[PDB]
Amino acid sequence: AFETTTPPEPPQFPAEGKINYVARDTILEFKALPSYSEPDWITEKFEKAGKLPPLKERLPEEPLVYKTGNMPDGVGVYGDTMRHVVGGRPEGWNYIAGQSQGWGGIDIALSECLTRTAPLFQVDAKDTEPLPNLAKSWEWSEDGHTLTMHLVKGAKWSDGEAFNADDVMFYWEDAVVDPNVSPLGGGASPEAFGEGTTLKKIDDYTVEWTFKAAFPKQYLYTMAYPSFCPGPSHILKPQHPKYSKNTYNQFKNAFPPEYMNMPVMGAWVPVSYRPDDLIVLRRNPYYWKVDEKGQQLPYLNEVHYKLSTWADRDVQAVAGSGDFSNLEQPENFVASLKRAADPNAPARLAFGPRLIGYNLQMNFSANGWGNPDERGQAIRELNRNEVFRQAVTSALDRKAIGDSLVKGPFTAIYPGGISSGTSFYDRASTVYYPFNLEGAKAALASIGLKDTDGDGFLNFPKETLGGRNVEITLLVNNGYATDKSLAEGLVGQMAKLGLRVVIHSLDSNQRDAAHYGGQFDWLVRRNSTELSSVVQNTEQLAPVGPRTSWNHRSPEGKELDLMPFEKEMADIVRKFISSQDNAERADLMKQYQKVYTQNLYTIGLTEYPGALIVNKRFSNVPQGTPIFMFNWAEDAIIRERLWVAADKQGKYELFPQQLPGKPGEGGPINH
Ligand SMILES: OC[C@H]1O[C@H](OC[C@H]2O[C@H](OC[C@H]3O[C@H](O[C@]4(CO)O[C@H](CO)[C@@H](O)[C@H]4O)[C@H](O)[C@@H](O)[C@@H]3O)[C@@H](O)[C@H](O)[C@H]2O)[C@H](O)[C@@H](O)[C@H]1O
Ligand SMILES: [Ca+2]
Ligand SMILES: [Ca+2]
Ligand SMILES: [Ca+2]
Ligand SMILES: [Ca+2]
Ligand SMILES: [Ca+2]
């Protein structure tokens with residue numbers, strides 16, 4: 001019906017950053033050091049004044065020790081503030097109940113996981129085991145169905161309470177398993193860990209996973225951010241409906257933004273908050289990570305999250321008032337590159353591979369996800385028709401989509417699927433539907449879509465919705481110029497095709513709620529880690545479970561109304577997860593890409609590289625760090641390991657020589 005080909009090779013993109021590829025165990029280890037150290041004011045103004053227990057006590061028996069060999073600039077010194085600028089707003093501190101803290105690094109910093117994957121951009125292999133984090137070690141039984149997992153022994157919460165299997169178990173049973181709780185990120189359903197996966201407590205520092213599959217090693221990546229971030233059980237358990245008189249909404253909102261010093265396993269603790277202004281975090285005294293020389297991390301004493309816009313993060317990182325940006329909006333590229341062109345610029349800018357992608361996602365549930373009306377249901381039915389999808393992708397002039405964001409060598413013709421920047425990507429396996437408006441018009445006419453009332457907009461046949469003009473509801477994020485630009489352009493291209501598209505502009509919190517709830521026909525969405533890395537949240541590549549897919553979920557409780565190609569992709573993804581052979585895995589992903597792009601699981605909008613922007617005074621920033629691969633750069637750069645030379649240090653501390661107070665109190669502690 002259409003003359004499909006493979007996508008054209010994008011312009012050669014050098015002016016990048018090269019990664020220094022290292023072995024997995026070059027970064028950290030767990031061991032006891034002969035002696036430990038911390039900032040002198042802690043020992044002098046807090047420990048000597050009674051206010052805090054000595055360092056050796058508040059640390060695990062074997063802390064997480066960062067190795068100097070992997071440190072880009074070596075061991076650091078204490079001091080300074082890391083100033084972030086975010087476009088998000090805090091909902092509260094209950095991460096495990098699906099509350100957002102404002103993004104742009106704050107939840108990443110606060111919610112430490114069993115494993116860690118973002119620093120893996122620098123590891124040579126893609127068969128690589130995620131790094132040990134809160135789970136210090138793990139072993140597989142001979143059969144490969146049981147995974148014993150050992151936790152950090154002797155670690156404490158920012159408040160002094162012990163960290164144990166009870167906090168790990170509280171998350172599994174009362175957040176993941178509990179059908180009434182939805183952890184942050186939207187992908188923490190029990191099936192994300194495998195259909196039929198069980199987990200049980202062995203002792204205070206040992207847990208045991210039981211998997212249906214033999215060695216589904218890919219699930220260790222799911223135990224990283226955002227899917228397995230345990231919360232303080234001693235604080236959250238008395239507020240949980242299963243253990244109290246609170247509703248699930250009462251539990252979700254039990255710790256609002258005004259509640260200070262929320263127990264965390266993270267490097268910094270929230271000590272101050274002003275609505276639509278700022279969140280201040282001070283170093284966690286009970287932090288369980290050290291360098292090889294015994295200095296307790298983080299090196300940085302303070303973190304700021306300025307509550308602004310995502311565009312203002314770029315503005316501020318190049319102005320020098322903000323210390324970090326993920327330059328990801330092509331509308332912002334030229335302005336930022338001009339400022340970066342000055343040798344006196346306070347920040348450095350480095351582009352990486354093309355890993356930022358946008359897809360048009362069509363809701364494929366005809367079995368009632370998001371409780372559709374007659375108009376909604378008729379769109380679900382068009383969405384599931386392969387001819388309708390083929391015409392929609394053919395009506396898109398992808399060179400015009402790319403130019404509308406930024407001219408030059410940034411954008412690449414993106415038809416959907418695995419990003420062109422990933423090693424798993426095969427151009428020969430990617431189905432490209434070139435721009436063909438006339439063929440697309442004819443394709444829609446072949447499925448009964450004709451303009452009957454002469455207003456230049458295609459009507460359903462009289463047997464469907466009374467023969468009224470087709471109207472599609474497109475869900476978009478308010479927070480970004482790119483999402484808005486893409487949404488408007490799409491409406492314009494669909495108009496030339498004869499289809500009437502109505503924009504549904506929502507703020508990030510409401511958008512995510514409307515997405516995961518199924519209350520959408522179509523949606524503009526920036527790709528998550530599975531299309532940028534494959535190995536991170538692999539379960540999200542296909543509808544392997546009832547809530548794993550972003551565009552095809554089933555209502556609670558009902559079976560998945562899978563189309564044949566979805567069943568094919570799910571078989572390809574399940575095979576990949578349990579595969580131990582690398583060549584098999586590489587071919588499974590050529591197979592996957594082919595079924596995806598030919599059948600149009602999603603419809604690609606565009607793809608381009610982003611740039612990491614970091615203030616020049618920071619040391620230990622890894623060379624060629626991507627803005628997004630296994631996670632966002634905020635996690636990948638290992639912020640608790642960043643430092644500033646004493647002679648280059650800023651004077652930005654709003655609570656100098658202060659520590660976090662007790663949870664629920666006013667804020668920090670002096671004097
Ligand atoms: O946090 C660092 C980041 O902040 C800004 O982007 C944040 C983004 O927030 C909302 O994201 C929810 C997102 O959740 C899911 O995506 C993943 C995969 O599970 O979950 C993690 C984040 O929770 C990531 O590692 C993702 O790979 C889900 O798949 C998806 O539908 C949701 O959109 C989102 O609503 C909103 O667009 C943003 O505000 C910032 O832009 C980044 O540069 C970076 O600093
Ligand atoms: Ca070393
Ligand atoms: Ca080096
Ligand atoms: Ca200091
Ligand atoms: Ca927490
Ligand atoms: Ca009409």
# chains A, B, ... in the order shown; residues from 1 in each chain; ligands from 1

$ residues_near_ligand --ligand "ligand 3" --cutoff "10 Å" --atoms "only C-alpha atoms and all ligand atoms" --output "list in words"
residues 20, 68, 69, 70, 71, 72, 73, 74, 620, 622 and 623 of chain A

$ write_last_selection --atoms "C-alpha atoms" --output "PDB file, in the first residue's frame"
ATOM      1  CA  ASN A  20      36.311   6.651  28.909  1.00  0.00           C
ATOM      2  CA  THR A  68      39.680   6.934  43.068  1.00  0.00           C
ATOM      3  CA  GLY A  69      40.636   5.260  39.728  1.00  0.00           C
ATOM      4  CA  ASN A  70      37.183   5.970  38.328  1.00  0.00           C
ATOM      5  CA  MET A  71      37.089   9.485  39.674  1.00  0.00           C
ATOM      6  CA  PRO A  72      37.643  11.909  36.769  1.00  0.00           C
ATOM      7  CA  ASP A  73      39.628  14.376  39.060  1.00  0.00           C
ATOM      8  CA  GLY A  74      40.414  12.154  42.045  1.00  0.00           C
ATOM      9  CA  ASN A 620      34.710  14.895  39.057  1.00  0.00           C
ATOM     10  CA  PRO A 622      32.666  12.301  34.002  1.00  0.00           C
ATOM     11  CA  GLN A 623      33.717  13.030  30.401  1.00  0.00           C
TER      12      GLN A 623
END

$ closest_atom_pairs --of "chain A" --to "ligand 4" --cutoff "10 Å" --atoms "only C-alpha atoms and all ligand atoms" --output "CSV"
residue,atom,partner,partner_atom_place_in_ligand_line,distance
A:38,CA,ligand 4,1 (Ca),8.5
A:39,CA,ligand 4,1 (Ca),5.0
A:40,CA,ligand 4,1 (Ca),7.0
A:41,CA,ligand 4,1 (Ca),7.0
A:42,CA,ligand 4,1 (Ca),8.6
A:77,CA,ligand 4,1 (Ca),8.1
A:78,CA,ligand 4,1 (Ca),4.7
A:79,CA,ligand 4,1 (Ca),4.2
A:80,CA,ligand 4,1 (Ca),7.4
A:299,CA,ligand 4,1 (Ca),8.0
A:300,CA,ligand 4,1 (Ca),7.9
A:301,CA,ligand 4,1 (Ca),6.6
A:302,CA,ligand 4,1 (Ca),9.9
A:646,CA,ligand 4,1 (Ca),9.6
A:656,CA,ligand 4,1 (Ca),8.5
A:657,CA,ligand 4,1 (Ca),7.3

$ write_last_selection --atoms "N, CA and C atoms" --output "PDB file, in the first residue's frame"
ATOM      1  N   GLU A  38      35.197  13.574  58.020  1.00  0.00           N
ATOM      2  CA  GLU A  38      34.022  14.387  57.696  1.00  0.00           C
ATOM      3  C   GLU A  38      34.383  15.889  57.792  1.00  0.00           C
ATOM      4  N   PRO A  39      33.500  16.847  57.376  1.00  0.00           N
ATOM      5  CA  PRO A  39      33.827  18.274  57.565  1.00  0.00           C
ATOM      6  C   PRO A  39      34.079  18.580  59.056  1.00  0.00           C
ATOM      7  N   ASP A  40      35.122  19.392  59.331  1.00  0.00           N
ATOM      8  CA  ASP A  40      35.581  19.713  60.687  1.00  0.00           C
ATOM      9  C   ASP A  40      34.532  20.374  61.563  1.00  0.00           C
ATOM     10  N   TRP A  41      33.609  21.151  60.967  1.00  0.00           N
ATOM     11  CA  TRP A  41      32.528  21.825  61.704  1.00  0.00           C
ATOM     12  C   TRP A  41      31.512  20.839  62.268  1.00  0.00           C
ATOM     13  N   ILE A  42      31.386  19.656  61.633  1.00  0.00           N
ATOM     14  CA  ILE A  42      30.480  18.646  62.142  1.00  0.00           C
ATOM     15  C   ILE A  42      31.051  18.124  63.458  1.00  0.00           C
ATOM     16  N   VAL A  77      37.365  17.558  48.114  1.00  0.00           N
ATOM     17  CA  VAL A  77      37.381  18.370  49.334  1.00  0.00           C
ATOM     18  C   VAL A  77      35.937  18.783  49.638  1.00  0.00           C
ATOM     19  N   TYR A  78      35.648  19.067  50.905  1.00  0.00           N
ATOM     20  CA  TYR A  78      34.320  19.502  51.326  1.00  0.00           C
ATOM     21  C   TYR A  78      33.988  20.955  50.999  1.00  0.00           C
ATOM     22  N   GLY A  79      32.698  21.220  50.789  1.00  0.00           N
ATOM     23  CA  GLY A  79      32.185  22.560  50.592  1.00  0.00           C
ATOM     24  C   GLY A  79      31.438  22.821  49.320  1.00  0.00           C
ATOM     25  N   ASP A  80      30.711  23.958  49.372  1.00  0.00           N
ATOM     26  CA  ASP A  80      29.926  24.533  48.286  1.00  0.00           C
ATOM     27  C   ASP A  80      28.505  23.921  48.198  1.00  0.00           C
ATOM     28  N   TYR A 299      30.597  15.592  49.123  1.00  0.00           N
ATOM     29  CA  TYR A 299      31.570  16.662  49.275  1.00  0.00           C
ATOM     30  C   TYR A 299      30.836  18.019  49.422  1.00  0.00           C
ATOM     31  N   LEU A 300      29.763  18.212  48.605  1.00  0.00           N
ATOM     32  CA  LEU A 300      28.887  19.401  48.584  1.00  0.00           C
ATOM     33  C   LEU A 300      27.990  19.432  49.805  1.00  0.00           C
ATOM     34  N   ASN A 301      27.944  20.569  50.525  1.00  0.00           N
ATOM     35  CA  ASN A 301      27.142  20.663  51.773  1.00  0.00           C
ATOM     36  C   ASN A 301      25.662  20.991  51.578  1.00  0.00           C
ATOM     37  N   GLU A 302      25.347  21.643  50.443  1.00  0.00           N
ATOM     38  CA  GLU A 302      24.022  22.119  50.140  1.00  0.00           C
ATOM     39  C   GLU A 302      23.621  21.886  48.693  1.00  0.00           C
ATOM     40  N   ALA A 646      38.844  24.385  46.892  1.00  0.00           N
ATOM     41  CA  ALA A 646      38.653  25.448  47.885  1.00  0.00           C
ATOM     42  C   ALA A 646      38.787  26.870  47.294  1.00  0.00           C
ATOM     43  N   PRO A 656      24.783  27.763  56.086  1.00  0.00           N
ATOM     44  CA  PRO A 656      26.136  27.284  56.367  1.00  0.00           C
ATOM     45  C   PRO A 656      26.302  26.725  57.784  1.00  0.00           C
ATOM     46  N   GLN A 657      26.995  25.588  57.838  1.00  0.00           N
ATOM     47  CA  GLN A 657      27.375  24.828  58.996  1.00  0.00           C
ATOM     48  C   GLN A 657      26.150  24.392  59.782  1.00  0.00           C
TER      49      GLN A 657
END

$ residues_around --residues "residue A:218" --least-positions-apart "4" --cutoff "12 Å" --atoms "only C-alpha atoms" --output "ChimeraX atom specification"
/A:115,117,126-130,192-194,211,213-214,222-224,530,534-539,573-580,585

$ residues_near_ligand --ligand "ligand 5" --cutoff "8 Å" --atoms "only C-alpha atoms and all ligand atoms" --output "PyMOL selection string"
chain A and resi 93-96+110-111+229-232+262-265

$ residues_around --residues "stretch 545-548 of chain A" --least-positions-apart "4" --cutoff "7 Å" --atoms "only C-alpha atoms" --output "number ranges by chain"
A: 187, 189, 191-192, 195, 539-540, 553-554, 560

$ write_last_selection --atoms "C-alpha atoms" --output "PDB file, in the first residue's frame"
ATOM      1  CA  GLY A 187       5.998   1.508  35.867  1.00  0.00           C
ATOM      2  CA  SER A 189       3.411  -2.926  38.729  1.00  0.00           C
ATOM      3  CA  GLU A 191       4.652  -7.731  36.473  1.00  0.00           C
ATOM      4  CA  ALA A 192       7.608  -5.291  35.876  1.00  0.00           C
ATOM      5  CA  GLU A 195       4.548 -12.238  36.057  1.00  0.00           C
ATOM      6  CA  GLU A 539       9.506  -4.740  30.234  1.00  0.00           C
ATOM      7  CA  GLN A 540       8.235  -1.345  28.878  1.00  0.00           C
ATOM      8  CA  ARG A 553      -3.049  -1.289  29.373  1.00  0.00           C
ATOM      9  CA  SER A 554      -6.138  -3.200  30.570  1.00  0.00           C
ATOM     10  CA  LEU A 560      -5.189  -7.627  27.576  1.00  0.00           C
TER      11      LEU A 560
END

$ residues_around --residues "stretch 243-250 of chain A" --least-positions-apart "4" --cutoff "9 Å" --atoms "only C-alpha atoms" --output "list in words"
residues 97, 180, 181, 237, 238, 239 and 254 of chain A

$ residues_around --residues "residue A:122" --least-positions-apart "6" --cutoff "10 Å" --atoms "only C-alpha atoms" --output "ChimeraX atom specification"
/A:18-24,70,622-626,636

$ write_last_selection --atoms "C-alpha atoms" --output "PDB file, in the first residue's frame"
ATOM      1  CA  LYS A  18      33.911  10.691  24.257  1.00  0.00           C
ATOM      2  CA  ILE A  19      33.314   8.257  27.087  1.00  0.00           C
ATOM      3  CA  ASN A  20      36.311   6.651  28.909  1.00  0.00           C
ATOM      4  CA  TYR A  21      35.081   3.038  28.972  1.00  0.00           C
ATOM      5  CA  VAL A  22      35.894   1.162  32.225  1.00  0.00           C
ATOM      6  CA  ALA A  23      35.161  -2.285  33.830  1.00  0.00           C
ATOM      7  CA  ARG A  24      32.043  -2.531  36.078  1.00  0.00           C
ATOM      8  CA  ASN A  70      37.183   5.970  38.328  1.00  0.00           C
ATOM      9  CA  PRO A 622      32.666  12.301  34.002  1.00  0.00           C
ATOM     10  CA  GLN A 623      33.717  13.030  30.401  1.00  0.00           C
ATOM     11  CA  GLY A 624      31.086  12.373  27.709  1.00  0.00           C
ATOM     12  CA  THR A 625      28.212  11.809  30.206  1.00  0.00           C
ATOM     13  CA  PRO A 626      24.897  11.531  28.220  1.00  0.00           C
ATOM     14  CA  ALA A 636      24.886   9.416  35.933  1.00  0.00           C
TER      15      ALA A 636
END

$ closest_atom_pairs --of "chain A" --to "ligand 1" --cutoff "8 Å" --atoms "only C-alpha atoms and all ligand atoms" --output "CSV"
residue,atom,partner,partner_atom_place_in_ligand_line,distance
A:86,CA,ligand 1,4 (O),7.3
A:87,CA,ligand 1,39 (O),6.8
A:88,CA,ligand 1,39 (O),6.0
A:102,CA,ligand 1,39 (O),7.7
A:103,CA,ligand 1,1 (O),4.1
A:104,CA,ligand 1,45 (O),3.4
A:105,CA,ligand 1,2 (C),4.8
A:106,CA,ligand 1,1 (O),7.1
A:107,CA,ligand 1,1 (O),6.8
A:108,CA,ligand 1,1 (O),6.5
A:184,CA,ligand 1,23 (O),6.0
A:185,CA,ligand 1,23 (O),3.7
A:186,CA,ligand 1,28 (C),5.7
A:187,CA,ligand 1,19 (O),5.4
A:225,CA,ligand 1,25 (O),6.5
A:226,CA,ligand 1,21 (C),5.5
A:227,CA,ligand 1,19 (O),7.1
A:310,CA,ligand 1,41 (O),6.5
A:325,CA,ligand 1,45 (O),7.2
A:326,CA,ligand 1,43 (O),4.8
A:327,CA,ligand 1,43 (O),7.2
A:328,CA,ligand 1,43 (O),6.5
A:477,CA,ligand 1,37 (O),6.2
A:479,CA,ligand 1,39 (O),6.9
A:480,CA,ligand 1,37 (O),7.6
A:507,CA,ligand 1,35 (O),7.9
A:508,CA,ligand 1,35 (O),4.2
A:509,CA,ligand 1,35 (O),6.2
A:511,CA,ligand 1,35 (O),6.5
A:512,CA,ligand 1,35 (O),5.4
A:515,CA,ligand 1,31 (O),7.2
A:516,CA,ligand 1,31 (O),7.7
A:525,CA,ligand 1,33 (O),6.8
A:526,CA,ligand 1,33 (O),6.8
A:527,CA,ligand 1,27 (O),7.3
A:528,CA,ligand 1,27 (O),3.7
A:529,CA,ligand 1,27 (O),4.3
A:530,CA,ligand 1,27 (O),7.3
A:537,CA,ligand 1,19 (O),7.1
A:550,CA,ligand 1,29 (O),7.0
A:627,CA,ligand 1,43 (O),7.4
A:630,CA,ligand 1,25 (O),7.4
A:631,CA,ligand 1,25 (O),4.9
A:632,CA,ligand 1,2 (C),5.6
A:633,CA,ligand 1,45 (O),7.4
A:634,CA,ligand 1,2 (C),6.7

$ closest_residue --among "A:452, A:233, A:582, A:593" --to "ligand 6" --atoms "only C-alpha atoms and all ligand atoms"
A:452

$ residues_near_ligand --ligand "ligand 6" --cutoff "12 Å" --atoms "only C-alpha atoms and all ligand atoms" --output "list in words"
residues 449, 450, 451, 452, 453, 454, 455, 456, 457, 458, 459, 460, 461, 467, 468, 469, 470, 471, 495, 497, 498, 499 and 500 of chain A

$ select_by_dssp --residues "stretch 130-339 of chain A" --states "strand (DSSP E)" --output "MDAnalysis selection string"
chainID A and resid 131:132 135:140 146:151 198:203 206:210 268:274 278:283 289:291 302:307 324:327

$ closest_residue --among "A:3, A:590, A:293, A:12" --to "ligand 2" --atoms "only C-alpha atoms and all ligand atoms"
A:293

$ residues_around --residues "residue A:274" --least-positions-apart "5" --cutoff "9 Å" --atoms "only C-alpha atoms" --output "list in words"
residues 257, 258 and 279 of chain A

$ closest_atom_pairs --of "stretch 343-371 of chain A" --to "stretch 407-428 of chain A" --cutoff "12 Å" --atoms "only C-alpha atoms" --output "JSON lines"
{"residue": "A:351", "atom": "CA", "partner": "A:410", "partner_atom": "CA", "distance": 9.7}
{"residue": "A:352", "atom": "CA", "partner": "A:421", "partner_atom": "CA", "distance": 8.9}
{"residue": "A:353", "atom": "CA", "partner": "A:421", "partner_atom": "CA", "distance": 5.2}
{"residue": "A:354", "atom": "CA", "partner": "A:421", "partner_atom": "CA", "distance": 4.7}
{"residue": "A:355", "atom": "CA", "partner": "A:421", "partner_atom": "CA", "distance": 5.4}
{"residue": "A:356", "atom": "CA", "partner": "A:419", "partner_atom": "CA", "distance": 7.8}
{"residue": "A:357", "atom": "CA", "partner": "A:419", "partner_atom": "CA", "distance": 7.0}
{"residue": "A:358", "atom": "CA", "partner": "A:416", "partner_atom": "CA", "distance": 8.3}
{"residue": "A:359", "atom": "CA", "partner": "A:416", "partner_atom": "CA", "distance": 6.6}
{"residue": "A:360", "atom": "CA", "partner": "A:416", "partner_atom": "CA", "distance": 8.9}
{"residue": "A:361", "atom": "CA", "partner": "A:416", "partner_atom": "CA", "distance": 10.1}

$ select_by_dssp --residues "stretch 380-501 of chain A" --states "alpha helix (DSSP H)" --output "PyMOL selection string"
chain A and resi 380-383+386-394+398-405+437-445+481-497

$ closest_residue --among "A:488, A:57, A:139, A:292" --to "ligand 2" --atoms "only C-alpha atoms and all ligand atoms"
A:292

$ closest_residue --among "A:494, A:109, A:28, A:15" --to "ligand 2" --atoms "only C-alpha atoms and all ligand atoms"
A:28

$ closest_residue --among "A:210, A:291, A:116, A:76" --to "ligand 2" --atoms "only C-alpha atoms and all ligand atoms"
A:291

$ closest_residue --among "A:36, A:596, A:138, A:287" --to "residue A:432" --atoms "only C-alpha atoms"
A:596

$ atom_distance --atom1 "atom CA of residue A:664" --atom2 "atom CA of residue A:260"
5.2 Å
